[PDB]
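Peer 1: Below is a structure I'd like to ask you about.
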Amino acid sequence: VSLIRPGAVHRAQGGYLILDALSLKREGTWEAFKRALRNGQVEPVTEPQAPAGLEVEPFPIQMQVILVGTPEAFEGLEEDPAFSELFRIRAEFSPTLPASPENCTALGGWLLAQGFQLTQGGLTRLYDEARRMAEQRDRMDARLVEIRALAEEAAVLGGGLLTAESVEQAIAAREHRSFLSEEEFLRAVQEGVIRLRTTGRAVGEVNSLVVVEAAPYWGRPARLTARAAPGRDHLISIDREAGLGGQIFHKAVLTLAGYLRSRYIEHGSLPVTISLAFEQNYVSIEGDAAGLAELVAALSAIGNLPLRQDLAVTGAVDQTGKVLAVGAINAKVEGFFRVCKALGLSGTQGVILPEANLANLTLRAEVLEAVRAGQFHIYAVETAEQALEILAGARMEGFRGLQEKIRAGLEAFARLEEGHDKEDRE
Amino acid sequence: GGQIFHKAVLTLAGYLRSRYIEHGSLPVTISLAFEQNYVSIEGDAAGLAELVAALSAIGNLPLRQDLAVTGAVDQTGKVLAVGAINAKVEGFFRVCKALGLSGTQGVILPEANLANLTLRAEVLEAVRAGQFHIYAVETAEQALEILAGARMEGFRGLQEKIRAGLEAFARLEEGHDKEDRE
Amino acid sequence: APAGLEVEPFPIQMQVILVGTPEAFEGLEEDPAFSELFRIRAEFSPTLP
Amino acid sequence: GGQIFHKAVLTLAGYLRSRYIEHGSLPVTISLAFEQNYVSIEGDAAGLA
Amino acid sequence: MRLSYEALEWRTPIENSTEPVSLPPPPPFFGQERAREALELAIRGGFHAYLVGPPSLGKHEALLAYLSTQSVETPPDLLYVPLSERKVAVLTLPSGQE
Amino acid sequence: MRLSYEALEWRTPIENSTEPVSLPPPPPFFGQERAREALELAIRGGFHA
């Protein structure tokens with residue numbers, strides 16, 4: 001008995017035992033802990049090379065247990081009914097807090113209690129950066145460790161006082177320390193190694209804003225190209241249906257095919273095959289979403305529509321044509337601005353982004369400064385038709401509108417199919 | 001491995017079906033083979049050599065063996081840059097020098113590796129002497145017209161030759177189908 | 001051995017600097033606690049001006 | 001083995017089509033069978049039998 | 001439609017970058033009324049609870065600060081008693097009688 | 001378009017192979033101002049880098 005050592009369970013009696021859910025899942029002691037909680041059966045771990053052990057009598061538990069863990073750690077733990085039966089209180093932290101003067105005051109007080117010297121400008125800049133991390137104009141990031149880390153860096157760069165310039169310099173340094181990938185991309189674009197088009201108009205080609213692989217997901221434009229051929233009603237995504245992906249539709253090809261087959265009907269089937277391509281292998285396209293850029297590129301390819309290359313197109317669409325919100329809108333817009341500014345702004349560049357992301361547009365000082373001077377534009381579209389109108393610069397319905405040109409292109413492809421069938425007949 | 005398209009088959013097929021449209025379907029099947037396989041080409045790289053070879057096979061265009069073509073291309077026709085271009089250019093120059101420079105050999109590379117062109121003294125001396133040629137191409141059309149030694153300007157151009165070859169193969173298929181039917 | 005000595009937790013007064021190739025951290029950055037602890041990324045560009 | 005004609009049936013069809021020309025196609029279905037099942041016919045080429 | 005600068009401006013204007021401000025400490029779990037109320041219920045009732053939230057929210061920091069301000073009677077001295085050479089049981093004695 | 005030799009020439013012209021040069025040693029992390037600044041921040045702040 002004298003060689004029995006206490007664990008966490010034996011020294012939390014009459015108090016609180018705080019564990020980590022991730023630790024319980026990782027170390028494989030969740031079952032033993034469960035049995036300790038329900039049956040009061042806590043017993044010291046016995047080495048398998050000992051000849052005899054000690055039959056520890058079951059111990060009634062007077063402690064209460066508080067697990068701590070991220071939602072992903074508990075979704076793998078809530079599955080068994082015993083967790084729901086035992087842990088009945090869910091203290092859930094919201095990832096975002098309301099962005100309001102009361103919360104600005106609370107954050108300032110919290111940072112002052114953490115041991116920083118703040119000014120009004122520094123606190124306001126930290127508050128706006130909290131919004132920016134939350135990627136919402138009405139919610140601030142509740143992750144106060146991330147805000148404390150930023151404040152610590154700002155204190156180091158400012159010598160101890162967190163002025164607005166100090167926090168802005170800290171934010172710029174944080175952006176720049178992981179800017180190597182974007183620096184490489186801009187250098188390649190300037191050298192012409194990676195060729196993009198931020199000026200003029202082109203057919204079947206549009207700058208689709210995508211995100212790259214990094215801890216700070218960096219946005220950048222990619223030359224998305226759609227090319228239309230006469231054939232069966234079948235859309236092919238070479239990046240998504242590469243190789244073994246031929247069987248599997250990823251719900252993105254089906255969405256675009258559904259929109260195209262349902263919207264344009266003068267023929268009993270879609271008489272075109274659309275090929276969608278992304279330059280190089282940095283795009284890493286998610287299958288589950290069908291981009292608005294893909295749809296407008298396909299429409300331009302079908303209808304021979306010169307789309308503006310000034311405007312990068314981002315956003316997801318469903319088969320109705322309604323433009324869906326996309327994540328990381330800030331990264332995409334700022335990446336396109338970086339590419340345009342490297343090549344030199346002309347005054348007509350811009351981004352077509354969903355109206356649903358209007359609430360998520362928290363942009364750096366430079367983008368808003370360009371918007372002030374009119375050297376950069378942000379277009380909010382609610383339907384893919386509006387995005388196509390903005391890219392091609394004309395109404396869909398009118399005199400020689402885009403709809404008529406799309407009908408003409410589909411009719412031409414159908415007549416080519418008819419000619420092929422007539423050739424096969426004879 | 002024929003089930004996996006490696007993303008290169010689909011790219012070339014889309015470019016061929018899109019750039020040349022005179023039929024409801026593409027009636028041609030292209031087989032690409034490497035004699036003395038020592039290549040191990042990247043799956044995701046759709047080389048410009050493959051595209052120009054397939055295009056010449058379709059159109060019966062005599063390509064010059066003097067000039068080398070390399071680099072990846074998309075299904076639009078704008079040629080993408082490739083890494084280790086210096087090694088490839090120097091290897092082709094070494095092969096030409098071993099076989100003897102003819103004064104008309106050269107290399108065709110994308111106009112995206114000019115910032116990546118850093119060669120040896122011997123290659124630069126050969127270029128200065130005018131016995132070796134450097135050709136920068138932005139689109140597969142430029143590489144094609146340089147490699148075939150003829151432009152699209154005027155009669156007997158390459159585009160009409162491609163259309164004629166496609167029409168001839170389509171008529172071959174039509175005759176086969178007619179014989180099968182009757 | 002039967003058991004060691006229960007070393008009490010010790011406050012850390014040292015600064016850790018990891019060194020590695022980007023491929024070494026791409027397999028290590030996936031864990032959130034890495035970003036939580038290591039917040040300074042001193043990246044060496046593969047090429048100089 | 002139903003998939004792929006194995007180029008052995010094609011030889012028979014080609015000979016029948018070339019040697020006797022009255023149509024573009026073959027107007028008959030030839031069912032070739034072996035009594036019992038120990039034959040294990042090699043698919044390299046069509047047999048004279 | 002083209003978004004004007006006025007619609008895109010999301011930043012609160014800075015009154016001044018000087019004149020350092022002094023602010024009262026915020027209450028525990030500021031802006032986290034749900035977590036605060038769940039913990040109030042858990043500690044008041046003695047239920048086993050679990051805190052869920054994105055990492056780096058300082059979930060551990062508030063939780064320890066909140067529990068440190070809590071008060072309950074002295075925990076009894078628990079100790080292992082040998083019922084035999086092989087049988088040992090956890091026995092709880094009142095405070096100070098160990 | 002055949003490109004001139006001048007556009008292919010990239011080596012800076014050599015002036016002489018004699019007179020060995022004597023230049024002051026550079027500060028550490030030359031040309032890697034990002035890495036140097038990140039490490040300066042890590043050292044001054046005590047962060048793990």
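Here, A, B, ... name the chains of the structure tokens in the order displayed, residue numbers run from 1 inside each chain, and ligands are numbered from 1 in the same displayed order.
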Got a sec: who's within 10 Å of range 5-14 of chain C, counting only C-alpha atoms, leaving out chain neighbours fewer than 4 positions off, as a VMD selection string?

Peer 2: (chain A and resid 5) or (chain F and resid 46 to 48)

Peer 1: Mind listing as a PyMOL selection string which residues of chain B are within 9 Å of chain F, counting only C-alpha atoms?

Peer 2: chain B and resi 114+117-119+124-125+127-128+130+133-137+142+146

Peer 1: Okay, now the selection with N, CA, C and O atoms, as a JSON list (two decimals), in the first residue's frame?

Peer 2:
[["chain", "number", "residue", "atom", "x", "y", "z"],
["B", 114, "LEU", "N", 12.75, 32.59, -71.01],
["B", 114, "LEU", "CA", 13.84, 33.49, -71.35],
["B", 114, "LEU", "C", 14.53, 34.02, -70.10],
["B", 114, "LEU", "O", 15.75, 34.21, -70.09],
["B", 117, "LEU", "N", 16.96, 31.28, -69.01],
["B", 117, "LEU", "CA", 18.01, 30.86, -69.92],
["B", 117, "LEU", "C", 19.37, 31.27, -69.37],
["B", 117, "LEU", "O", 19.75, 32.44, -69.45],
["B", 118, "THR", "N", 20.11, 30.30, -68.82],
["B", 118, "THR", "CA", 21.47, 30.52, -68.34],
["B", 118, "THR", "C", 22.31, 29.35, -68.82],
["B", 118, "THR", "O", 22.31, 28.28, -68.19],
["B", 119, "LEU", "N", 23.05, 29.54, -69.91],
["B", 119, "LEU", "CA", 23.71, 28.44, -70.60],
["B", 119, "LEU", "C", 25.22, 28.53, -70.45],
["B", 119, "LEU", "O", 25.74, 29.42, -69.77],
["B", 124, "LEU", "N", 26.75, 29.62, -75.99],
["B", 124, "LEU", "CA", 26.69, 31.03, -76.36],
["B", 124, "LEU", "C", 27.58, 31.32, -77.56],
["B", 124, "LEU", "O", 27.20, 32.11, -78.44],
["B", 125, "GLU", "N", 28.76, 30.70, -77.62],
["B", 125, "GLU", "CA", 29.63, 30.88, -78.78],
["B", 125, "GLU", "C", 28.98, 30.34, -80.05],
["B", 125, "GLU", "O", 29.05, 30.96, -81.11],
["B", 127, "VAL", "N", 25.77, 30.13, -80.58],
["B", 127, "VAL", "CA", 24.68, 31.05, -80.92],
["B", 127, "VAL", "C", 25.22, 32.30, -81.61],
["B", 127, "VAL", "O", 24.66, 32.76, -82.61],
["B", 128, "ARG", "N", 26.32, 32.85, -81.09],
["B", 128, "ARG", "CA", 26.93, 34.02, -81.72],
["B", 128, "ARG", "C", 27.41, 33.70, -83.13],
["B", 128, "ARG", "O", 27.27, 34.53, -84.04],
["B", 130, "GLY", "N", 26.07, 31.89, -85.23],
["B", 130, "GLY", "CA", 24.97, 31.71, -86.15],
["B", 130, "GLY", "C", 24.75, 30.29, -86.60],
["B", 130, "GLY", "O", 23.94, 30.05, -87.50],
["B", 133, "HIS", "N", 20.35, 27.90, -83.41],
["B", 133, "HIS", "CA", 19.23, 28.82, -83.39],
["B", 133, "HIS", "C", 18.43, 28.66, -82.10],
["B", 133, "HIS", "O", 18.23, 27.55, -81.60],
["B", 134, "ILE", "N", 17.97, 29.79, -81.57],
["B", 134, "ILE", "CA", 17.12, 29.86, -80.40],
["B", 134, "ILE", "C", 15.78, 30.45, -80.84],
["B", 134, "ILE", "O", 15.75, 31.52, -81.47],
["B", 135, "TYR", "N", 14.69, 29.74, -80.56],
["B", 135, "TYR", "CA", 13.37, 30.16, -80.98],
["B", 135, "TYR", "C", 12.45, 30.23, -79.77],
["B", 135, "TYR", "O", 12.30, 29.25, -79.04],
["B", 136, "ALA", "N", 11.84, 31.39, -79.56],
["B", 136, "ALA", "CA", 10.93, 31.61, -78.44],
["B", 136, "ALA", "C", 9.50, 31.64, -78.97],
["B", 136, "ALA", "O", 9.19, 32.44, -79.86],
["B", 137, "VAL", "N", 8.64, 30.78, -78.43],
["B", 137, "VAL", "CA", 7.27, 30.65, -78.90],
["B", 137, "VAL", "C", 6.31, 30.91, -77.75],
["B", 137, "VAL", "O", 6.50, 30.41, -76.63],
["B", 142, "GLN", "N", 2.80, 29.36, -83.25],
["B", 142, "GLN", "CA", 4.13, 29.85, -83.61],
["B", 142, "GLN", "C", 5.13, 28.71, -83.70],
["B", 142, "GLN", "O", 5.91, 28.63, -84.65],
["B", 146, "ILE", "N", 7.04, 27.59, -87.18],
["B", 146, "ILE", "CA", 8.50, 27.56, -87.25],
["B", 146, "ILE", "C", 9.00, 26.15, -87.56],
["B", 146, "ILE", "O", 9.93, 25.97, -88.35]]

Peer 1: So that I can see what lies close to range 27-39 of chain D, please list as a list in words the residues with an atom at most 10 Å from it, counting only C-alpha atoms and leaving out residues fewer than 3 positions away in the same chain.

Peer 2: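 Using only C-alpha atoms, the neighbours found are residues 9, 12, 13, 17, 22, 23, 24 and 42 of chain D.
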
Peer 1: Quick one: which chain C residues come within 7 Å of chain A, and what is the nearest atom pair for each with the distance in Å to one decimal, counting only C-alpha atoms, rows ordered by chain and ascending number, as a Markdown table?

Peer 2:
| residue | atom | partner | partner_atom | distance |
| --- | --- | --- | --- | --- |
| C:41 | CA | A:177 | CA | 6.0 |
| C:42 | CA | A:177 | CA | 6.6 |
| C:43 | CA | A:177 | CA | 6.9 |
| C:45 | CA | A:180 | CA | 6.9 |

Peer 1: With only C-alpha atoms counted and 6 Å as the cut-off, give the residues of chain E in contact with chain A, each with its shortest interatomic distance in Å and the pair that gives it, as a tab-separated table.

Peer 2:
residue	atom	partner	partner_atom	distance
E:1	CA	A:379	CA	5.5
E:2	CA	A:379	CA	4.7
E:3	CA	A:378	CA	5.6
E:5	CA	A:372	CA	5.6
E:14	CA	A:121	CA	5.4
E:16	CA	A:121	CA	5.5
E:17	CA	A:121	CA	4.1
E:18	CA	A:119	CA	5.7
E:20	CA	A:119	CA	3.8
E:21	CA	A:119	CA	5.5
E:23	CA	A:109	CA	4.9
E:24	CA	A:109	CA	5.3
E:25	CA	A:109	CA	4.6
E:26	CA	A:106	CA	4.9
E:31	CA	A:97	CA	5.6
E:35	CA	A:91	CA	4.4
E:38	CA	A:91	CA	5.1
E:48	CA	A:65	CA	4.8
E:49	CA	A:89	CA	4.5
E:50	CA	A:67	CA	4.3
E:51	CA	A:91	CA	4.6
E:52	CA	A:92	CA	4.6
E:53	CA	A:93	CA	4.7
E:54	CA	A:70	CA	5.4
E:56	CA	A:145	CA	5.1
E:57	CA	A:143	CA	3.9
E:58	CA	A:145	CA	5.9
E:75	CA	A:14	CA	4.9
E:82	CA	A:1	CA	6.0
E:86	CA	A:54	CA	4.6
E:87	CA	A:55	CA	4.7
E:88	CA	A:56	CA	4.9
E:89	CA	A:57	CA	4.8
E:90	CA	A:59	CA	5.9

Peer 1: Those residues you just picked out, can you put them in a file as an mmCIF file, in the first residue's frame with C-alpha atoms?

Peer 2:
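Result went into part-v2.cif, see below:
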data_model
loop_
_atom_site.group_PDB
_atom_site.id
_atom_site.type_symbol
_atom_site.label_atom_id
_atom_site.label_comp_id
_atom_site.auth_asym_id
_atom_site.auth_seq_id
_atom_site.Cartn_x
_atom_site.Cartn_y
_atom_site.Cartn_z
ATOM 1 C CA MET E 1 -22.970 46.545 -59.171
ATOM 2 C CA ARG E 2 -19.841 48.523 -58.328
ATOM 3 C CA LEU E 3 -19.206 48.812 -54.582
ATOM 4 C CA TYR E 5 -15.505 53.115 -51.030
ATOM 5 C CA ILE E 14 -8.993 56.201 -35.103
ATOM 6 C CA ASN E 16 -5.955 59.476 -32.029
ATOM 7 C CA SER E 17 -2.824 57.332 -31.861
ATOM 8 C CA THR E 18 -1.714 58.972 -28.591
ATOM 9 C CA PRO E 20 -2.931 56.044 -23.699
ATOM 10 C CA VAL E 21 -6.253 54.777 -22.375
ATOM 11 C CA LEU E 23 -9.860 50.614 -19.016
ATOM 12 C CA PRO E 24 -11.453 48.434 -16.321
ATOM 13 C CA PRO E 25 -10.869 44.671 -16.454
ATOM 14 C CA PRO E 26 -13.551 42.759 -18.358
ATOM 15 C CA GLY E 31 -18.879 37.963 -24.884
ATOM 16 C CA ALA E 35 -19.989 29.353 -21.758
ATOM 17 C CA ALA E 38 -23.001 26.635 -18.708
ATOM 18 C CA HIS E 48 -19.265 16.913 -15.300
ATOM 19 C CA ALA E 49 -18.904 19.535 -18.019
ATOM 20 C CA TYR E 50 -16.950 19.894 -21.214
ATOM 21 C CA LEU E 51 -15.662 23.075 -22.823
ATOM 22 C CA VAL E 52 -15.758 23.185 -26.615
ATOM 23 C CA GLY E 53 -14.211 25.920 -28.758
ATOM 24 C CA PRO E 54 -11.684 26.722 -31.516
ATOM 25 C CA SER E 56 -6.153 29.493 -29.039
ATOM 26 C CA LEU E 57 -9.373 30.899 -27.484
ATOM 27 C CA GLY E 58 -7.679 30.668 -24.067
ATOM 28 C CA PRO E 75 -11.573 18.413 0.572
ATOM 29 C CA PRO E 82 -4.642 -1.892 3.228
ATOM 30 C CA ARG E 86 -3.464 -7.599 -1.578
ATOM 31 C CA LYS E 87 -6.624 -5.541 -0.941
ATOM 32 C CA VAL E 88 -6.343 -1.755 -0.619
ATOM 33 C CA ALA E 89 -9.202 0.740 -0.477
ATOM 34 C CA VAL E 90 -9.397 4.511 -0.826
#

Peer 1: Can you list, as a VMD selection string, every residue of range 31-112 of chain B that DSSP puts in helix (DSSP H, G or I)?

Peer 2: chain B and resid 48 to 59 85 to 99

Peer 1: Would you work out the distance separating CA of residue 156 in chain A from CA of residue 16 in chain C, expressed in Å to one decimal?

Peer 2: 17.8 Å

Peer 1: Near residue 5 in chain D, within 12 Å and counting only C-alpha atoms, which residues show up once chain neighbours fewer than 5 positions away are dropped, as a count of residues only?

Peer 2: 8

Peer 1: Would you pick out the contacts of residue 44 in chain F at 9 Å or less, using only C-alpha atoms, so that residues sharing its chain but fewer than 4 positions from it are not included, and give the list as a list in words?

Peer 2: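 These residues fall inside the cut-off: residues 156 and 157 of chain A; 39 and 40 of chain F.
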
Peer 1: Keeping N, CA, C and O atoms, export the residues of the selection given above as a CSV table (one decimal), in the first residue's frame.

Peer 2:
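Result file follows (selection.csv):
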chain,number,residue,atom,x,y,z
A,156,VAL,N,6.8,44.4,-28.9
A,156,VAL,CA,8.2,44.3,-29.2
A,156,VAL,C,8.6,45.2,-30.3
A,156,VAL,O,9.7,45.9,-30.2
A,157,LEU,N,7.8,45.4,-31.4
A,157,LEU,CA,8.2,46.3,-32.4
A,157,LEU,C,8.0,47.8,-32.0
A,157,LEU,O,8.7,48.7,-32.6
F,39,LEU,N,14.0,36.7,-37.3
F,39,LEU,CA,14.9,36.3,-36.1
F,39,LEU,C,15.1,37.4,-35.2
F,39,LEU,O,15.2,37.2,-33.9
F,40,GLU,N,15.3,38.6,-35.6
F,40,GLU,CA,15.4,39.8,-34.7
F,40,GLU,C,14.2,39.9,-33.9
F,40,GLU,O,14.3,40.1,-32.6

Peer 1: I need the residue nearest chain B from this list: D:47, D:41, D:4, D:21. Use only C-alpha atoms for the distance.

Peer 2: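 Of all the options, D:21 lies closest to chain B.
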
Peer 1: DSSP on the backbone: which residues in range 311-400 of chain A end up as strand (DSSP E or B)? Give the answer as a ChimeraX atom specification.

Peer 2: /A:311-313,316-317,322-324,350-354,377-381,383

Peer 1: Kindly give the distance, in Å, that separates CA of residue 207 in chain A and CA of residue 16 in chain B, rounded to a single decimal.

Peer 2: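 Answer for the CA of residue 207 in chain A to CA of residue 16 in chain B separation: 23.0 Å.
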
Peer 1: To one decimal place, how far is CA of residue 59 in chain B from CA of residue 161 in chain B in Å?

Peer 2: 5.6 Å

Peer 1: Go through F:12, F:31, F:19, F:41 and flag the residue nearest residue 169 in chain A, using only C-alpha atoms for the distances.

Peer 2: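 Checking each candidate against residue 169 in chain A, we get F:41 as the closest.
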